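> Sequence first, structure after, both from an experimental entry:
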Amino acid sequence: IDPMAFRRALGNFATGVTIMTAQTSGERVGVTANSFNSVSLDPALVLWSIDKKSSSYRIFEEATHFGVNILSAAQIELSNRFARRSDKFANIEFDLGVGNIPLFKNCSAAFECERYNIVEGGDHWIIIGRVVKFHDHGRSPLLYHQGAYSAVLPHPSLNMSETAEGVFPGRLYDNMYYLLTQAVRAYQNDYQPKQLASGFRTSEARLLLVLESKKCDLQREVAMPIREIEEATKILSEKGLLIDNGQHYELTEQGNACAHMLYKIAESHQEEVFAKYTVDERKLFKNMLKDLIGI
Amino acid sequence: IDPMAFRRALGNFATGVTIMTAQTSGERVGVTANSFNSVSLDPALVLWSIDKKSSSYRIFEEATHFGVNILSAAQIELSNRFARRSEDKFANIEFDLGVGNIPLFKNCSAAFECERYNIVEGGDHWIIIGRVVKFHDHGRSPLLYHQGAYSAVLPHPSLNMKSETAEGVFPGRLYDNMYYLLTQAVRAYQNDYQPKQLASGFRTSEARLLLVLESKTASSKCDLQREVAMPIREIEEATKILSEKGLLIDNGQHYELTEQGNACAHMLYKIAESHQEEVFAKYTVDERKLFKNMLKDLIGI
Ligand SMILES: Cc1cc2nc3c(=O)[nH]c(=O)nc-3n(C[C@H](O)[C@H](O)[C@H](O)COP(=O)(O)O)c2cc1C
Ligand SMILES: Cc1cc2nc3c(=O)[nH]c(=O)nc-3n(C[C@H](O)[C@H](O)[C@H](O)COP(=O)(O)O)c2cc1C
């Protein structure tokens, strides 16, 4: 099967973002990884897949301990730093655990592991580690879905019911916070099928909407790692929507049209339901939304 | 180390929801699993961990193929059905057959038809590695599982709150749309509510139960599972923790919150209302009333 088409199919499985750290001596490594997952509770075992050609596996193989840093939603810069080969720990504060495990700050969780055993896994090494100490902080996590960073949309869905007061799960869910998250649910249920029908994934749409206006700068605006940007710009170039002459990325006439239609789709739901309101009422709704954001 | 405290710490790593299916004959199994993850591209290898006490591993060990069904956000009922041991999980459940008679569900985000590659020991679980021979890429909005509760994906990249120009706040000039303003409003609200809820020592599973049980008592776990969007296993886990804190009473008929539990549910309500009441205080009562009615129009209630 095609490796690229398979990697893009794996993007449907949303995961968190972890950073695997280890230190021997003074040799230190930091690898951003999303192949992490749990295995067993007794004993406490976790695994993750590291590339066989990664220049960091030698230090993971030499060190007796490695750490799993569950990144929070406010650690996108920390994810991109430990995502490209480099002194990755330059100007990066961290603490040391058992086995000199580099532990970062403001993380959602951390798992200090002893190296349990390594297993063959195709073109990767499956590193199994025994958790000897963990940290449960509970901060809002960072997501990685379809090659783009996202966040978790909280609150359970509402019963779409019998009574007007029975729509909410409880009587206390009639709050502004719950109404905002459920408005995004109803909006996402209307926009996502329309974007998918046009053959655009999340990585493709974010680049069309950004490049239509005006690699590190682009990485910080679309919230996508460099590896996913290079992958998506290639796909957009195959569809005749982008030209990568070597200097920068520019959308074609065909690319600018697709970016504007994605704007029409993201506005079709609000324009369809707010048609009964006046122009001043719709303008007030945006001004009150900006007051919630802070702009 | 404590297994329970360790399992709760594992909830910080948000994952999607998959259902592992296999069929031999007519012997059929379906296990909801979030331990799934990718391994290798060449060859295409994926793994997941199945419990050693699972009554379905024997059929997974016998069958030559098993499937990974990536569930979508509208498949919470399908996740809970295949989340409890039953003799006929596929009753009144439509599905198709792939290679090796792999049961494939409909309306999923993605699917991975795999041949049984190798099984590896993994503590109290079996690590099943499978080689992907066929996949389906649909791209639907996925179902999330974080801190023992079902959730959805909050899209769109964050906006630049520290820029010079007013039009430079958005990543592009086309991001000034109502969809983006709604998602970024939830970001600003979550950044204000989430740190305050954590300061009270309540996770997602605890907060959803406090806000639901405060209104009415919950008799059957099947109904409570459908309202808080949490599997039965997490409800029994969280109601115990709320009971340790003196916030819940399980008399045997129905879950009931204590007066201390009712207090914690009200304080979570004030925190969820503090941000809007603080920024919308300049608006009139009719303007704030219109904002809720226009939000309900977006939802459909
Ligand atoms: C979101 C994300 C997930 C990643 N997951 C893995 C992974 O599971 N295994 C791996 O070897 N590299 C993964 N990488 C790439 C690592 O950052 C990798 O260490 C990087 O290419 C550095 O290469 P080096 O270790 O050879 O120096 C991931 C990168 C990103 C952005
Ligand atoms: C969100 C979620 C994720 C789960 N992940 C796994 C898993 O990765 N491995 C596993 O063996 N069971 C997992 N389970 C338990 C399954 O629901 C499993 O089907 C259940 O224990 C019954 O299995 P049985 O039919 O083999 O007895 C998970 C349950 C839920 C709710």
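Yes, it's here. Numbering: from 1, shown residues only, chains lettered A, B, ... in the order given. Ligands and ions are numbered 1, 2, ... in the order given.
> My guess is residue A:47 contacts residue A:20. True?
No. Applying CB atoms under 8 Å, one finds residue A:47 not in contact with residue A:20, separated by 11.2 Å. From N, CA and C alone the C-beta is placed, and that goes for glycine too.
> tell me, what's touching the two both at once?
Listed contacts common to residue A:47 and residue A:20 are A:36, A:127; contacts here mean CB atoms under 8 Å, 6 or more residues apart in numbering or on different chains.
> So if I had to pick from these two, which one is more boxed in?
A count of neighbours by other CB atoms under 10 Å in any protein chain shown puts residue A:47 above the other of residue A:47 and residue A:20, at 28 against 24.
> Look up the residues forming beta bridges with the closest residue in space to the more buried one that isn't next to it in sequence.
Take residue A:47 and drop its neighbours on the chain: the residue closest to it by CB to CB, 6 or more residues apart in numbering or on different chains is residue A:128, 4.7 Å away. Beta-bridge pairing for residue A:128 (DSSP bridges): residue A:47, residue A:117.
> Tell me, how many residues neighbour residue A:128?
Count around residue A:128 with other CB under 10 Å applied: 21.
> Using neighbour counts, pick out the buried residues of stretch A:18-30.
A:18-24, A:28-30 (16 or more other CB atoms under 10 Å in any protein chain shown).
> which two in those are spaced the farthest apart?
A:18 and A:24 (20.4 Å; CB to CB).
> Make sure residue A:98 is actually in contact with residue A:66.
No. Using CB under 8 Å, residue A:98 is not in contact with residue A:66, being 10.7 Å away.
> Those two - which one has more neighbours?
The residue with more neighbours, out of residue A:98 and residue A:66, is residue A:66; 25 against 13, by other CB under 10 Å.
> ok, and what's touching whatever helix or strand the more buried one lives in?
Assessed by DSSP states H and E, residue A:66 sits inside strand A:65-70. Applying CB under 8 Å, 6+ apart, the external contacts of strand A:65-70 come out as A:16-22, A:36, A:46, A:48, A:60, A:97-104, A:107-115, A:127, A:129, A:141, B:12-13.
> can you rerun that using 7 Å?
With CB atoms under 7 Å, 6 or more residues apart in numbering or on different chains as the test, strand A:65-70 has contacts from A:16, A:18-22, A:36, A:46, A:60, A:97-99, A:101-104, A:107-115, A:129, A:141, B:12-13.
> what is the orientation angle of the helix or strand hosting residue A:255 with helix B:178-199?
Applying DSSP H and E as the criterion places residue A:255 in helix A:253-273. Here the directions of helix A:253-273 and helix B:178-199 differ by 70 degrees (axes from the mean of the first three to the mean of the last three CA atoms, to 10 degrees).
> Name the residues of helix A:253-273 that come out as buried.
Quick answer for helix A:253-273 (16+ other CB under 10 Å): A:255, A:258-259, A:262-263, A:265-266, A:269-270, A:273.
> So residue A:20: helix, strand or coil?
Three-state call for residue A:20 (DSSP: H, G, I helix; E, B strand; the rest coil): strand.
> I'd guessed it sits against residue A:35; true?
No. The criterion here is CB atoms under 7 Å, and residue A:20 misses it with residue A:35 at 9.6 Å.
> overlap in contacts of these two?
Each of residue A:48 lies in contact with both residue A:20 and residue A:35 under the rule CB under 7 Å, 6+ apart.
> where do the strands sit along chain A?
Counting by DSSP state E, chain A has strands at residues A:15-16, A:18-23, A:28-33, A:37-40, A:45-51, A:65-70, A:95-96, A:102-103, A:109-121, A:124-136, A:143-145, A:148-153, A:242-243, A:250-251.
> The fourth one close to chain B?
This means strand A:37-40. Yes. Against chain B, strand A:37-40 shows contacts by CB under 7 Å from any CB of the partner chain at A:37-40.
> Give the pairing partners of that strand; include direction for each.
Assessed with DSSP bridges, strand A:37-40 is paired to strand A:45-51 (antiparallel).
> for the partner strand, which positions count as buried?
So for strand A:45-51, counting by 16+ other CB under 10 Å, buried means A:45-50.
> ok, residues contacting that strand?
A:20, A:31, A:33, A:35-39, A:57, A:60, A:68, A:111, A:113, A:116, A:121, A:123-131, B:38-39, B:122-123.
> picking that back up, the residue nearest to residue A:47 is in contact with residue A:116, isn't it?
Yes. Proximity of residue A:128 to residue A:116 meets the contact threshold set by CB under 7 Å, at 4.4 Å.
> Next to ligand 1, which bits of chain A? Give me the list.
A:17, A:31-35, A:49-51, A:54-56, A:83, A:85, A:144, A:225, A:227 (CB under 6 Å from any ligand atom).
> just these that are near ligand 2?
Okay, of those, nothing touches ligand 2 (CB under 6 Å from any ligand atom).
> buried subset of the residues you listed?
By 16+ other CB under 10 Å, the residues of chain A next to ligand 1 give A:17, A:31-35, A:49-50, A:56, A:83, A:144, A:225 as buried.
> among the residues you listed, which two are most distant?
A:56 and A:144 (19.1 Å).
> what about the helices in the stretch 101-250 of chain A?
Ranges of helices in the stretch 101-250 of chain A, per DSSP state H, counting those that start in this stretch, are A:176-197, A:202-211, A:216-222, A:226-238.
> Give me whichever of those is most buried.
Among the helices of the stretch 101-250 of chain A, helix A:202-211 has the highest mean neighbour count (mean count of other CB atoms under 10 Å in any protein chain shown), at a mean of 26.
> Indicate whether it makes contact with chain B.
Yes. Helix A:202-211 reaches chain B (CB under 7 Å from any CB) through A:206, A:209-210.
> now do stretch A:75-89
No. Stretch A:75-89 lies out of reach of chain B by CB under 7 Å from any CB, never closer than 7.8 Å.
> End to end on that stretch, go ahead and measure it.
Separation of the first and last residues of stretch A:75-89 by CA to CA, to the nearest Å is 14 Å.
> Check which residues of it are buried.
A:75-76, A:78-83, A:88-89.
> which other residues reach that stretch?
A:17, A:19, A:28, A:30-32, A:55, A:71, A:92, A:104, A:106-107, A:142, A:149, A:219, A:223, A:225-226.
> Tell me which ones among those also neighbour chain B, please.
residue A:223.
> returning to that earlier point: quick one: which of the buried residues of stretch A:75-89 is nearest to ligand 1?
residue A:83 (3.8 Å; CB to the nearest ligand atom).
> So what pairs up with the residue in the stretch 1-150 of chain A that ligand 2 sits nearest to in the strands?
Closest contact between the stretch 1-150 of chain A and ligand 2, by CB to the nearest ligand atom, is at residue A:38 (7.7 Å). With DSSP bridges applied, residue A:38 shows beta-bridge pairing to residue A:46.
> what number of residues lie near it?
Neighbours of residue A:38 using other CB under 10 Å come to 25.
> List the contacts of it.
A:46, B:10, B:35.
> cool, residue A:26 as well?
Counting by CB under 7 Å, 6+ apart, residue A:26 has no contacts.
> With just CA atoms, put stretch A:189-207 into PDB.
The C-alpha trace of stretch A:189-207 is given here as PDB (Å, rounded to 0.1, in the frame of the first residue of the first chain):
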ATOM      1  CA  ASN A 189     -21.400  19.400  12.300                       C
ATOM      2  CA  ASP A 190     -22.400  21.800   9.400                       C
ATOM      3  CA  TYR A 191     -19.000  22.900   8.200                       C
ATOM      4  CA  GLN A 192     -16.900  19.800   8.500                       C
ATOM      5  CA  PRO A 193     -19.000  17.700   6.000                       C
ATOM      6  CA  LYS A 194     -18.900  20.500   3.500                       C
ATOM      7  CA  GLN A 195     -15.100  20.900   3.700                       C
ATOM      8  CA  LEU A 196     -14.600  17.200   3.400                       C
ATOM      9  CA  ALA A 197     -16.900  17.100   0.300                       C
ATOM     10  CA  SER A 198     -14.400  19.500  -1.400                       C
ATOM     11  CA  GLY A 199     -11.600  17.100  -0.700                       C
ATOM     12  CA  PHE A 200      -9.800  19.300   1.800                       C
ATOM     13  CA  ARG A 201      -8.500  18.000   5.100                       C
ATOM     14  CA  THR A 202      -7.600  20.200   8.100                       C
ATOM     15  CA  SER A 203      -3.900  20.600   7.000                       C
ATOM     16  CA  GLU A 204      -5.000  21.700   3.500                       C
ATOM     17  CA  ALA A 205      -7.700  24.200   4.600                       C
ATOM     18  CA  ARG A 206      -5.500  26.000   7.200                       C
ATOM     19  CA  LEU A 207      -2.800  26.600   4.600                       C
END
